[PDB]
There are 2 protein chains.
Amino acid sequence: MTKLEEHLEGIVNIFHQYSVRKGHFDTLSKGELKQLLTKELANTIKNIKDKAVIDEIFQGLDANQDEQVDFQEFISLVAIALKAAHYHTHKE
Amino acid sequence: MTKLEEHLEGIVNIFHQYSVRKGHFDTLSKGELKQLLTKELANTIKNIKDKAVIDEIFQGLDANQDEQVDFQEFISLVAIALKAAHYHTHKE
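Residues numbered from 1 in each chain as written, not as in the entry; some residues may be left out. Chains lettered and ligands numbered in written order. Heavy atoms only, no water.

Structure determination for this entry is recorded as solution NMR.

By the naming in the PDB entry, chain A is Protein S100-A12, taken from Homo sapiens. The UniProt entry for chain A carries the following comment under Subunit: "Homodimer. Homooligomer (tetramer or hexamer) in the presence of calcium, zinc and copper ions. Interacts with AGER and both calcium and zinc are essential for the interaction. Interacts with CACYBP in a calcium-dependent manner." (UniProt positions renumbered as here; feature names shortened; annotations may be inferred.)

Structure, rendered in structure tokens:
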């Protein structure tokens, strides 16, 4: 039940772990996200294995249209994912 | 490192646990959120103990201005909180 804040900084260090390869700045493009998603969120988000699904999501975070998901853009990812968790019918 | 999806459904069942008292529908007002926040996110969000801080956040999720945070509105809460986690300087 009680996990205190390990779930917040937990998801944060998780993103830092699966999304580690970037340019000069923390670009963290769809490559890293796709990796994290297919292996971590494999059971949460509908067909998170699908690049079409991942594209949809990535593009939903990357409103910048620059192919970069920051921890903040990943924050919206967790929005999609938590939705996929409770609304696990298919947040889509 | 690897927590798979326990962090997504984890936060979800966490909200379900600390925010359990509602009306006929899952209203889940600032009372339940304040509780979860002060005890869970006590170390993450800046002065999450402050009702002024919590108000700011709650109101940020409750765009409906109806005093109801759903799991989806709590989804934006986790957006604030994950931000408070990595950007732990003070998402504010």
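Once that is clear, we can look at the interface of chain A and chain B. Across the contact, 29 residues belong to chain A and 30 residues belong to chain B. Overall, the association of chain A and chain B removes approximately 3000 Å² of surface from exposure, summing both partners, and the carbon and sulfur fraction of that is 66%. When the buried surface of chain A facing chain B is broken down by residue, A:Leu8, A:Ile75 and A:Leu82 rank first, second and third, together holding 20% of it. Counting every contact that joins chain A to chain B gives 2 salt bridges. A salt bridge links A:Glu6 to B:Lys3; the nearest nitrogen and oxygen atoms lie 2.8 Å apart. Applying the counting rule to chain A against chain B returns 12 residue pairs in polar contact. Those elements that provide at least two residues to the side of chain A that touches chain B are α1 (8-18), α2 (30-40) and α4 (73-86) of chain A. No other element matches the 8 residues that α4(A) contributes to the side of chain A that touches chain B. A class-by-class count of the residues in the side of chain A that touches chain B yields 15 nonpolar, 7 polar and 7 charged. (Contact = heavy atoms within 4.5 Å. Buried area = accessible area lost by both parts, 1.4 Å probe. Salt bridge = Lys/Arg side-chain N within 4 Å of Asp/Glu carboxyl O. Polar contact = N/O pair within 3.5 Å; in protein donor to acceptor, adjacent residues only side chain to side chain. Helix = DSSP H or I, 4+ residues; strand = E, 2+ residues; numbered from the N terminus. Nonpolar A, V, L, I, M, F, W, Y, C, P; charged D, E, K, R; others polar.)

Once that is clear, we can look at the nonpolar core. Counting 60 residues, the largest nonpolar core has A:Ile45, A:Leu77, B:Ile45 and B:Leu77 as the members making the most contacts within it. Beyond its immediate sequence surroundings of up to four residues, A:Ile45 is in contact with A:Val53, A:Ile57, A:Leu77, A:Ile80, A:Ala81 and A:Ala84. (Core = buried A, V, L, I, M, F, W, Y, C linked by side-chain atoms within 4.5 Å. Buried < 20%, exposed > 50% of the residue type's maximum accessible area, 1.4 Å probe, protein only.)

As a further point, take the packing of aromatic side chains. A full pass over the atoms with the stated rule returns 4 aromatic pairs over all chains. Both rings, one in A:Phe15 and one in A:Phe74, keep their centres 4.0 Å apart while their planes meet at 10°; by these two values the pair is stacked. Here A:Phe74 lies in helix α4 and A:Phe15 lies in helix α1, a separation of 59 residues in the sequence. In this pair, the class of A:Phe15 matches that of A:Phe74, namely buried. On the basis of an interplanar angle of 85° and a centroid distance of 4.8 Å, the ring pair of B:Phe15 and B:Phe71 is categorised as edge-to-face. (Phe/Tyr/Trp six-rings, centres within 6.5 Å; stacked < 30°, edge-to-face > 60°.)

Overlay of chain A on chain B (RMSD 0.0 Å): rotation 180°, translation along the axis 0.0 Å. Overall, the copies show the geometry of a two-fold rotation axis. Measuring from the rotation axis to each C-alpha of chain A, the shortest distance belongs to A:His7, at 2.9 Å. Residue by residue, 100% of the interface of chain A is reproduced at the interface of chain B, so both copies engage with the same surface. (Least-squares fit on C-alpha atoms.)

Here A:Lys30 lies in helix α2. Not counting residues within four places of it along the chain, the set of residues in contact with A:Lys30 comprises A:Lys51, A:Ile54, A:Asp55, A:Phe58, A:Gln59 and A:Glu67.

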